[PDB]
Amino acid sequence: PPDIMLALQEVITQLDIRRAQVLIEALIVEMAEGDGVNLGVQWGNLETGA
Amino acid sequence: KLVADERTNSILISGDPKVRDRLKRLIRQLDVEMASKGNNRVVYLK
């Protein structure tokens with residue numbers, strides 16, 4: 001109907017705006033640093049299991 | 001008494017030329033603005 005029409009037209013004109021758009025730049029920084037020291041002296045005498 | 005057509009959207013009348021005076025008065029009385037009911041709105045969420 002002509003009102004419902006004039007109405008739908010005023011709804012469509014306000015929903016029909018351009019959409020802005022986002023450039024989502026994520027920035028994942030995985031920075032890992034490991035430091036091990038093994039130092040250990042092993043004596044052994046297999047003639048007599050020591 | 002009273003008629004109209006919504007092909008034309010026109011008041012028809014049956015009766016007096018007094019009914020013609022006063023009901024041309026009411027021909028004119030409710031013709032005006034539709035007062036922009038804004039029955040519906042579209043609110044843009046912030």
# chains A, B, ... in the order shown; residues from 1 in each chain; ligands from 1
call {"tool": "select_by_dssp", "arguments": {"residues": "chain B", "states": "alpha helix (DSSP H)", "output": "list in words"}}
result
residues 17, 18, 19, 20, 21, 22, 23, 24, 25, 26, 27, 28 and 29 of chain B
call {"tool": "closest_atom_pairs", "arguments": {"of": "chain A", "to": "chain B", "cutoff": "8 Å", "atoms": "only C-alpha atoms", "output": "Markdown table"}}
result
| residue | atom | partner | partner_atom | distance |
| --- | --- | --- | --- | --- |
| A:7 | CA | B:40 | CA | 7.2 |
| A:11 | CA | B:42 | CA | 6.3 |
| A:14 | CA | B:42 | CA | 6.9 |
| A:15 | CA | B:42 | CA | 7.4 |
call {"tool": "write_last_selection", "arguments": {"atoms": "N, CA and C atoms", "output": "PDB file, in the first residue's frame"}}
result
ATOM      1  N   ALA A   7       6.814   4.024   3.219  1.00  0.00           N
ATOM      2  CA  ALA A   7       7.525   3.678   4.466  1.00  0.00           C
ATOM      3  C   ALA A   7       8.720   2.780   4.147  1.00  0.00           C
ATOM      4  N   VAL A  11      12.920   3.154   4.724  1.00  0.00           N
ATOM      5  CA  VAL A  11      13.676   2.155   5.525  1.00  0.00           C
ATOM      6  C   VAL A  11      14.832   1.655   4.680  1.00  0.00           C
ATOM      7  N   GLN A  14      17.747   4.057   4.186  1.00  0.00           N
ATOM      8  CA  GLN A  14      18.599   4.281   5.371  1.00  0.00           C
ATOM      9  C   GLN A  14      19.386   3.008   5.670  1.00  0.00           C
ATOM     10  N   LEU A  15      18.964   1.854   5.176  1.00  0.00           N
ATOM     11  CA  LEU A  15      19.732   0.599   5.329  1.00  0.00           C
ATOM     12  C   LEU A  15      20.677   0.439   4.166  1.00  0.00           C
TER      13      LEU A  15
END
call {"tool": "residues_around", "arguments": {"residues": "residue B:2", "least_positions_apart": "3", "cutoff": "12 Å", "atoms": "only C-alpha atoms", "output": "list in words"}}
result
residues 5, 10, 11, 12, 13, 14, 15, 16, 19, 20, 23, 24, 26 and 27 of chain B
call {"tool": "write_last_selection", "arguments": {"atoms": "C-alpha atoms", "output": "mmCIF file, in the first residue's frame"}}
result
data_model
loop_
_atom_site.group_PDB
_atom_site.id
_atom_site.type_symbol
_atom_site.label_atom_id
_atom_site.label_comp_id
_atom_site.auth_asym_id
_atom_site.auth_seq_id
_atom_site.Cartn_x
_atom_site.Cartn_y
_atom_site.Cartn_z
ATOM 1 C CA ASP B 5 -13.518 6.072 -5.036
ATOM 2 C CA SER B 10 -12.398 11.195 -4.490
ATOM 3 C CA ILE B 11 -15.270 11.963 -2.076
ATOM 4 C CA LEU B 12 -18.668 11.526 -3.671
ATOM 5 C CA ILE B 13 -21.719 12.969 -1.920
ATOM 6 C CA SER B 14 -25.446 12.165 -1.839
ATOM 7 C CA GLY B 15 -27.581 15.039 -0.499
ATOM 8 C CA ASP B 16 -28.076 18.769 0.033
ATOM 9 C CA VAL B 19 -24.490 19.046 2.286
ATOM 10 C CA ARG B 20 -22.562 20.474 -0.732
ATOM 11 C CA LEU B 23 -19.197 18.742 2.788
ATOM 12 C CA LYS B 24 -17.078 20.785 0.433
ATOM 13 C CA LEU B 26 -15.081 18.684 4.875
ATOM 14 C CA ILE B 27 -13.774 17.922 1.367
#
call {"tool": "select_by_dssp", "arguments": {"residues": "chain B", "states": "strand (DSSP E or B)", "output": "JSON, numbers by chain"}}
result
{"B": [2, 3, 4, 5, 10, 11, 12, 13]}
call {"tool": "write_last_selection", "arguments": {"atoms": "N, CA and C atoms", "output": "mmCIF file, in the first residue's frame"}}
result
data_model
loop_
_atom_site.group_PDB
_atom_site.id
_atom_site.type_symbol
_atom_site.label_atom_id
_atom_site.label_comp_id
_atom_site.auth_asym_id
_atom_site.auth_seq_id
_atom_site.Cartn_x
_atom_site.Cartn_y
_atom_site.Cartn_z
ATOM 1 N N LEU B 2 -22.823 9.765 1.789
ATOM 2 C CA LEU B 2 -21.365 9.814 1.503
ATOM 3 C C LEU B 2 -20.948 8.653 0.606
ATOM 4 N N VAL B 3 -20.022 8.929 -0.305
ATOM 5 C CA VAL B 3 -19.269 7.888 -1.052
ATOM 6 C C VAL B 3 -17.842 8.381 -1.267
ATOM 7 N N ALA B 4 -17.050 7.563 -1.961
ATOM 8 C CA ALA B 4 -15.793 7.974 -2.616
ATOM 9 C C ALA B 4 -15.333 6.884 -3.587
ATOM 10 N N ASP B 5 -14.228 7.134 -4.288
ATOM 11 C CA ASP B 5 -13.518 6.072 -5.036
ATOM 12 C C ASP B 5 -12.028 6.154 -4.731
ATOM 13 N N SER B 10 -11.513 10.014 -4.367
ATOM 14 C CA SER B 10 -12.398 11.195 -4.490
ATOM 15 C C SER B 10 -13.660 10.969 -3.672
ATOM 16 N N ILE B 11 -13.977 11.938 -2.809
ATOM 17 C CA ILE B 11 -15.270 11.963 -2.076
ATOM 18 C C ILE B 11 -16.376 12.153 -3.098
ATOM 19 N N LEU B 12 -17.376 11.300 -3.006
ATOM 20 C CA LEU B 12 -18.668 11.526 -3.671
ATOM 21 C C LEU B 12 -19.663 11.881 -2.584
ATOM 22 N N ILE B 13 -20.678 12.655 -2.926
ATOM 23 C CA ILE B 13 -21.719 12.969 -1.920
ATOM 24 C C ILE B 13 -23.083 12.564 -2.465
#
call {"tool": "decode", "arguments": {"residues": "stretch 11-38 of chain A", "atoms": "N, CA, C and O atoms", "output": "PDB file, in the first residue's frame"}}
result
ATOM      1  N   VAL A  11      12.920   3.154   4.724  1.00  0.00           N
ATOM      2  CA  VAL A  11      13.676   2.155   5.525  1.00  0.00           C
ATOM      3  C   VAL A  11      14.832   1.655   4.680  1.00  0.00           C
ATOM      4  O   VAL A  11      15.867   1.297   5.267  1.00  0.00           O
ATOM      5  N   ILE A  12      14.578   1.469   3.391  1.00  0.00           N
ATOM      6  CA  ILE A  12      15.540   0.851   2.453  1.00  0.00           C
ATOM      7  C   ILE A  12      16.580   1.893   2.142  1.00  0.00           C
ATOM      8  O   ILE A  12      17.698   1.485   1.793  1.00  0.00           O
ATOM      9  N   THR A  13      16.196   3.162   2.212  1.00  0.00           N
ATOM     10  CA  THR A  13      17.093   4.271   1.849  1.00  0.00           C
ATOM     11  C   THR A  13      18.080   4.512   2.988  1.00  0.00           C
ATOM     12  O   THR A  13      19.128   5.141   2.750  1.00  0.00           O
ATOM     13  N   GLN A  14      17.747   4.057   4.186  1.00  0.00           N
ATOM     14  CA  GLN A  14      18.599   4.281   5.371  1.00  0.00           C
ATOM     15  C   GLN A  14      19.386   3.008   5.670  1.00  0.00           C
ATOM     16  O   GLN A  14      20.322   3.111   6.463  1.00  0.00           O
ATOM     17  N   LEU A  15      18.964   1.854   5.176  1.00  0.00           N
ATOM     18  CA  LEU A  15      19.732   0.599   5.329  1.00  0.00           C
ATOM     19  C   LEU A  15      20.677   0.439   4.166  1.00  0.00           C
ATOM     20  O   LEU A  15      21.394  -0.558   4.110  1.00  0.00           O
ATOM     21  N   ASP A  16      20.479   1.271   3.174  1.00  0.00           N
ATOM     22  CA  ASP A  16      21.183   1.076   1.906  1.00  0.00           C
ATOM     23  C   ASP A  16      22.382   2.017   1.860  1.00  0.00           C
ATOM     24  O   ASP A  16      22.735   2.493   0.778  1.00  0.00           O
ATOM     25  N   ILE A  17      22.989   2.295   3.000  1.00  0.00           N
ATOM     26  CA  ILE A  17      24.200   3.153   2.986  1.00  0.00           C
ATOM     27  C   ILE A  17      25.372   2.265   2.600  1.00  0.00           C
ATOM     28  O   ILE A  17      25.312   1.042   2.880  1.00  0.00           O
ATOM     29  N   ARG A  18      26.435   2.882   2.095  1.00  0.00           N
ATOM     30  CA  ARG A  18      27.677   2.150   1.761  1.00  0.00           C
ATOM     31  C   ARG A  18      28.264   1.625   3.056  1.00  0.00           C
ATOM     32  O   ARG A  18      28.135   2.312   4.083  1.00  0.00           O
ATOM     33  N   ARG A  19      28.988   0.524   2.985  1.00  0.00           N
ATOM     34  CA  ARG A  19      29.604   0.014   4.224  1.00  0.00           C
ATOM     35  C   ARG A  19      31.065   0.423   4.204  1.00  0.00           C
ATOM     36  O   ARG A  19      31.715   0.318   3.136  1.00  0.00           O
ATOM     37  N   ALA A  20      31.532   0.970   5.315  1.00  0.00           N
ATOM     38  CA  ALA A  20      32.980   1.230   5.404  1.00  0.00           C
ATOM     39  C   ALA A  20      33.703  -0.111   5.550  1.00  0.00           C
ATOM     40  O   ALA A  20      33.059  -1.180   5.718  1.00  0.00           O
ATOM     41  N   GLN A  21      35.017  -0.098   5.470  1.00  0.00           N
ATOM     42  CA  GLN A  21      35.667  -1.426   5.571  1.00  0.00           C
ATOM     43  C   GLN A  21      36.997  -1.339   6.297  1.00  0.00           C
ATOM     44  O   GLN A  21      37.739  -0.354   6.110  1.00  0.00           O
ATOM     45  N   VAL A  22      37.271  -2.361   7.088  1.00  0.00           N
ATOM     46  CA  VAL A  22      38.447  -2.313   7.989  1.00  0.00           C
ATOM     47  C   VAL A  22      39.557  -3.195   7.418  1.00  0.00           C
ATOM     48  O   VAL A  22      39.340  -4.342   7.033  1.00  0.00           O
ATOM     49  N   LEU A  23      40.765  -2.695   7.473  1.00  0.00           N
ATOM     50  CA  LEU A  23      41.963  -3.501   7.175  1.00  0.00           C
ATOM     51  C   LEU A  23      42.562  -4.033   8.487  1.00  0.00           C
ATOM     52  O   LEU A  23      43.307  -3.297   9.164  1.00  0.00           O
ATOM     53  N   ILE A  24      42.089  -5.198   8.919  1.00  0.00           N
ATOM     54  CA  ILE A  24      42.489  -5.840  10.196  1.00  0.00           C
ATOM     55  C   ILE A  24      43.902  -6.361  10.032  1.00  0.00           C
ATOM     56  O   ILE A  24      44.113  -7.449   9.498  1.00  0.00           O
ATOM     57  N   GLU A  25      44.866  -5.599  10.486  1.00  0.00           N
ATOM     58  CA  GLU A  25      46.246  -6.127  10.440  1.00  0.00           C
ATOM     59  C   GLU A  25      46.589  -6.643  11.833  1.00  0.00           C
ATOM     60  O   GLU A  25      46.893  -5.827  12.731  1.00  0.00           O
ATOM     61  N   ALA A  26      46.539  -7.951  12.020  1.00  0.00           N
ATOM     62  CA  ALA A  26      47.096  -8.602  13.225  1.00  0.00           C
ATOM     63  C   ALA A  26      48.628  -8.672  13.169  1.00  0.00           C
ATOM     64  O   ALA A  26      49.216  -8.438  12.099  1.00  0.00           O
ATOM     65  N   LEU A  27      49.262  -8.891  14.308  1.00  0.00           N
ATOM     66  CA  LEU A  27      50.729  -8.704  14.409  1.00  0.00           C
ATOM     67  C   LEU A  27      51.279  -9.582  15.510  1.00  0.00           C
ATOM     68  O   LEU A  27      51.242  -9.208  16.665  1.00  0.00           O
ATOM     69  N   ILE A  28      51.446 -10.835  15.172  1.00  0.00           N
ATOM     70  CA  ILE A  28      51.789 -11.902  16.116  1.00  0.00           C
ATOM     71  C   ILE A  28      53.292 -11.967  16.245  1.00  0.00           C
ATOM     72  O   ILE A  28      53.976 -12.208  15.256  1.00  0.00           O
ATOM     73  N   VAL A  29      53.798 -11.770  17.438  1.00  0.00           N
ATOM     74  CA  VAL A  29      55.256 -11.647  17.625  1.00  0.00           C
ATOM     75  C   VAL A  29      55.625 -12.737  18.614  1.00  0.00           C
ATOM     76  O   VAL A  29      55.533 -12.472  19.783  1.00  0.00           O
ATOM     77  N   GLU A  30      56.083 -13.882  18.136  1.00  0.00           N
ATOM     78  CA  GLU A  30      56.558 -15.007  18.980  1.00  0.00           C
ATOM     79  C   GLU A  30      58.076 -15.053  19.124  1.00  0.00           C
ATOM     80  O   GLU A  30      58.752 -15.421  18.178  1.00  0.00           O
ATOM     81  N   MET A  31      58.588 -14.587  20.234  1.00  0.00           N
ATOM     82  CA  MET A  31      60.028 -14.353  20.411  1.00  0.00           C
ATOM     83  C   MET A  31      60.579 -15.233  21.544  1.00  0.00           C
ATOM     84  O   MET A  31      60.255 -15.005  22.701  1.00  0.00           O
ATOM     85  N   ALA A  32      61.248 -16.325  21.205  1.00  0.00           N
ATOM     86  CA  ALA A  32      61.623 -17.422  22.127  1.00  0.00           C
ATOM     87  C   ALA A  32      63.133 -17.601  22.179  1.00  0.00           C
ATOM     88  O   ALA A  32      63.806 -17.524  21.124  1.00  0.00           O
ATOM     89  N   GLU A  33      63.644 -17.816  23.374  1.00  0.00           N
ATOM     90  CA  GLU A  33      65.079 -17.694  23.673  1.00  0.00           C
ATOM     91  C   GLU A  33      65.387 -18.743  24.712  1.00  0.00           C
ATOM     92  O   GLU A  33      64.844 -18.630  25.787  1.00  0.00           O
ATOM     93  N   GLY A  34      66.263 -19.678  24.377  1.00  0.00           N
ATOM     94  CA  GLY A  34      66.573 -20.857  25.196  1.00  0.00           C
ATOM     95  C   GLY A  34      68.065 -20.970  25.417  1.00  0.00           C
ATOM     96  O   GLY A  34      68.840 -20.657  24.498  1.00  0.00           O
ATOM     97  N   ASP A  35      68.454 -21.368  26.611  1.00  0.00           N
ATOM     98  CA  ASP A  35      69.870 -21.391  27.012  1.00  0.00           C
ATOM     99  C   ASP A  35      70.027 -22.546  27.975  1.00  0.00           C
ATOM    100  O   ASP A  35      69.444 -22.485  29.029  1.00  0.00           O
ATOM    101  N   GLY A  36      70.775 -23.555  27.580  1.00  0.00           N
ATOM    102  CA  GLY A  36      71.044 -24.740  28.403  1.00  0.00           C
ATOM    103  C   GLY A  36      72.530 -24.944  28.564  1.00  0.00           C
ATOM    104  O   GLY A  36      73.218 -24.981  27.544  1.00  0.00           O
ATOM    105  N   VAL A  37      72.928 -25.347  29.751  1.00  0.00           N
ATOM    106  CA  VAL A  37      74.305 -25.793  30.025  1.00  0.00           C
ATOM    107  C   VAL A  37      74.276 -27.162  30.681  1.00  0.00           C
ATOM    108  O   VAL A  37      74.083 -27.185  31.877  1.00  0.00           O
ATOM    109  N   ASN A  38      74.722 -28.205  30.018  1.00  0.00           N
ATOM    110  CA  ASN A  38      74.980 -29.495  30.685  1.00  0.00           C
ATOM    111  C   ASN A  38      76.473 -29.663  30.908  1.00  0.00           C
ATOM    112  O   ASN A  38      77.160 -30.021  29.950  1.00  0.00           O
TER     113      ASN A  38
END
